[PDB]
Structure formats: structure tokens, C-alpha cells
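Enquirer: Experimental coordinates follow, after the sequence.
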Amino acid sequence: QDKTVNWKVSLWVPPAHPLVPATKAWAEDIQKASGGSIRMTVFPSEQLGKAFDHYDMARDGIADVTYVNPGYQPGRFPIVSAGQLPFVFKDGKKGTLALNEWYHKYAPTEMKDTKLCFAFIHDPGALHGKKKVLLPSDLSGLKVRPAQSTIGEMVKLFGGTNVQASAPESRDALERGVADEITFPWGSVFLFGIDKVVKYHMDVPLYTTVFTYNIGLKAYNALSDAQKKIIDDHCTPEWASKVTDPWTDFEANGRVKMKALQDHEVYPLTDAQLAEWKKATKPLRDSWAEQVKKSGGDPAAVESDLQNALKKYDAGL
Ligand SMILES: O=C(O)Cc1ccc(O)cc1
């Protein structure tokens with residue numbers, strides 16, 4: 001038998017979040033593959049550290065595996081931020097596979113101080129809140145809790161202000177009144193109790209959040225070659241889908257559930273209103289491209305690679 005391995009996996013979502021049982025099942029299959037030599041415990045609810053610090057927790061050995069939202073740290077990961085632009089993805093499952101295939105090309109530039117396991121997205125989210133927002137300018141003067149740095153840029157472009165908060169901190173920000181509006185996926189509105197705090201919901205696949213699962217290099221490099229192979233075999237597109245597809249399904253189910261509640265107003269946009277949003281969100285691409293160039297990348301090449309992946313997987317809106 002190999003030297004026994006005991007890993008800690010850190011998440012910043014609660015136990016009822018679909019990623020938690022799915023990640024336990026991933027760990028269980030690794031234990032089965034390794035004949036017991038690799039064991040893990042999954043720590044939800046920020047027990048091991050705050051949401052925003054999860055990349056550094058993997059980098060620095062606080063946890064062996066972490067769930068990361070790169071977009072909680074503005075400017076840190078300019079390439080992966082291409083997936084954060086409004087109106088990119090139509091579907092969580094195919095979008096996860098497209099993002100993962102594309103980003104594995106660039107993760108060695110941008111995430112070289114961890115091992116990237118896989119990248120993924122959520123089912124496209126929506127704008128939820130206390131006001132019936134139809135056009136970009138309706139965010140002017142509103143306080144918005146953005147999902148990631150690109151949505152934060154969008155809020156400022158439209159004359160709102162941001163409320164920086166992680167998913168588990170968002171209900172409290174809305175309840176205290178410091179946020180009027182939130183970009184969130186639909187099932188998570190229920191999971192975090194936000195359905196009791198906001199009643200308006202714009203029925204548009206506005207954006208998604210990009211995520212990574214990151215493994216510490218010291219943790220990985222302490223494995224035997226047989227153990228490394230088992231981890232690598234659990235970091236493939238197959239496993240990106242197995243871990244994240246239940247989350248996609250949960251979030252899409254949330255939208256259908258919300259649309260049946262008589263105390264909520266889930267409203268469509270007109271073609272004219274949606275075009276103002278598509279047209280109005282376009283400047284975010286130049287901001288993205290400038291950040292990539294400043295960090296030493298070629299945004300035209302990075303963007304064409306992502307567009308090719310979207311087309312391959314039929315993942316693009
Ligand atoms: O909007 C975010 O903060 C990202 C996110 C939202 C809901 C969720 O369940 C997980 C992450």
C-alpha cells in the first residue's frame with residue numbers, strides 16, 4: 001500500500017448546496033480507486049477560511065483542495081474573466097465543458113502556483129431585487145451585490161454602486177438594506193433564503209460565474225505516482241460534469257420554481273430592452289482585453305480560443 005493521504009477540501013457554500021454531496025462522491029471514488037490510501041474530508045460553510053481567500057488557501061496549504069470563484073478578486077485572473085462577461089453562455093453543462101477545455105490552455109500562465117483540477121460555471125444567473133429593472137439605466141443610483149468582478153464593472157458602467165459580498169454573506173447585505181439588487185443563480189435564491197427578501201426577477205440569462213477546483217502543489221507533489229494518476233483521472237471533463245451537472249440542474253429547477261410563485265414578479269424583457277443590455281454591456285469586452293494585455297496576454301487569441309470552444313460544445317448564447 002501507498003503512504004496514506006488525509007486531505008481537507010474547503011467549500012464556502014452550505015451543506016445543502018449541490019456541490020457538497022457531489023464533492024463527497026468525488027472523494028469517495030478517489031478513496032475507492034486508491035484502495036483506501038487517499039481519504040478526504042469536505043468542510044462546507046467557510047470552516048477553514050473565507051470564500052474570497054479560497055485560491056490562497058490552496059496555494060498556501062490551508063486546505064488541500066478548494067472551490068474558488070476567481071472573480072471575487074478583481075484583476076487577479078484576467079484571462080479566466082472572459083467567461084464572466086454578460087451574455088456569453090447559454091447552458092451550465094455545455095458551458096462548463098467549453099470553459100474547462102479553453103481554460104486548461106491558459107491556467108499555466110495564470111494559476112501556475114496551484115494544480116487546476118477543472119473549471120466550471122453555473123446555470124446562467126439573473127438580476128433579482130427590490131425594483132423592476134428593465135433597462136441598464138434603471139441600475140443608476142442602485143446598490144447591487146455583484147457575482148464577480150465583471151458584473152461589478154457593469155454595475156459601475158450603468159451608474160450603480162457595488163456591495164462586495166460572497167454568496168453566503170449576500171442575504172444579510174440585502175436584509176440590512178445595503179444592497180437593493182443581486183445577480184444570482186435561481187436555485188441559490190432559495191438556498192440562501194433570498195426569496196424572502198427580494199420579489200423582482202429579470203427573466204434573462206444575463207451572465208454566469210466562473211469557478212475552479214484547485215489542488216495545492218505541495219499536497220499533490222507528496223503523492224505517489226499511482227496516487228497522482230488517480231487524482232489526474234478525477235480532474236477530467238468526465239468529472240467536471242459529474243461534480244457540477246447536479247448543481248446546474250438545481251439552479252435551472254430554481255427558475256421554474258420561482259416562476260410558479262404568486263408573490264414574485266418574474267418578468268421578461270422586450271427585444272428593445274434586451275438589445276440595450278447586449279449593446280450596453282459590449283464595453284466590458286474592451287476593459288477585459290486591456291487587463292489581459294497589461295498582464296502580458298493576447299486578448300484577441302484568448303477570445304478566439306473561447307469562441308471556438310463555445311461553438312464546439314454549442315454552449316454560447
Ligand atoms: O454570485 C456569487 O457570489 C457566486 C455564487 C452564487 C451562488 C452559489 O450557490 C454559489 C456561488
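Expert: Perfect, I can see it now. Residues are numbered from 1 along each chain as shown.
Enquirer: Now do the residue of the chain found nearest the ligand: how many residues are near it, please.
Expert: When scored by CB to the nearest ligand atom, the chain has residue 147 as its residue closest to the ligand, at 3.2 Å. Where C-beta positions appear, they are placed from N, C-alpha and C, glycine not excepted. Counted with other CB atoms under 10 Å, the neighbours of residue 147 add up to 26.
Enquirer: next one: residue 218
Expert: Neighbour tally, residue 218, other CB under 10 Å: 11.
Enquirer: which of the residues in the helix or strand harbouring it are buried?
Expert: Per DSSP states H and E: residue 218 is located in helix 217-221. Across helix 217-221, burial judged by 16 or more other CB atoms under 10 Å covers 219-220.
Enquirer: Identify the residues contacting the residue of the chain closest to the ligand.
Expert: 71, 125, 183-184, 207, 209 (CB atoms under 8 Å, 6 or more residues apart in numbering).
Enquirer: make it 7 Å
Expert: By CB atoms under 7 Å, 6 or more residues apart in numbering, the contact list for residue 147 reads 125, 183-184, 207, 209.
Enquirer: so when I look at it, I'm seeing a strand, right?
Expert: No - Residue 147 is assigned coil when assessed by DSSP: H, G, I helix; E, B strand; the rest coil, not a strand.
Enquirer: Helices of the stretch 101-250 of the chain, start to end?
Expert: 149-157, 167-175, 186-191, 217-221, 225-233, 237-259 (DSSP state H, counting those that start in this stretch).
Enquirer: most tightly surrounded among those helices?
Expert: Here the criterion is mean neighbour count by mean count of other CB atoms under 10 Å, and of the helices of the stretch 101-250 of the chain the winner is helix 186-191, at a mean of 23.
Enquirer: Up against the ligand, what does the stretch 51-200 of the chain have?
Expert: Listed as neighbours of the ligand in the stretch 51-200 of the chain under the rule CB under 6 Å from any ligand atom: 69, 147, 166-167, 184-185, 188.
Enquirer: Residue 27 is in contact with residue 234, correct?
Expert: No - contact criterion CB atoms under 7 Å: residue 234 and residue 27 do not qualify, at 8.9 Å.
Enquirer: Break this protein into its domains for me.
Expert: Using automatic domain parsing, the domain ranges for the chain come out as 5-123+208-251, 126-207+266-286.
Enquirer: isn't residue 63 right up against residue 10?
Expert: Yes - taking contacts as CB under 7 Å, residue 63 lies within contact range of residue 10: 3.8 Å.
Enquirer: Just the CA trace of stretch 290-297, in CSV.
Expert: What follows is stretch 290-297, C-alpha atoms only, in CSV (Å, rounded to 0.1, in the frame of the first residue of the first chain):
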residue,chain,number,x,y,z
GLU,A,290,-6.9,45.8,-21.7
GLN,A,291,-6.5,43.8,-18.4
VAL,A,292,-5.3,40.8,-20.4
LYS,A,293,-2.8,42.9,-22.4
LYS,A,294,-1.5,44.6,-19.2
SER,A,295,-0.8,41.1,-17.7
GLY,A,296,1.2,40.1,-20.8
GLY,A,297,-1.5,38.2,-22.8
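Enquirer: In it, which residues are buried?
Expert: Here stretch 290-297 shows 291-292, 297 as buried, counting by 16+ other CB under 10 Å.
Enquirer: quick one: the host helix or strand of residue 25 to helix 225-233, angle?
Expert: According to DSSP H and E, residue 25 maps onto helix 19-33. Interaxial angle, helix 19-33 versus helix 225-233 (axes from the mean of the first three to the mean of the last three CA atoms, to 10 degrees): 150 degrees.
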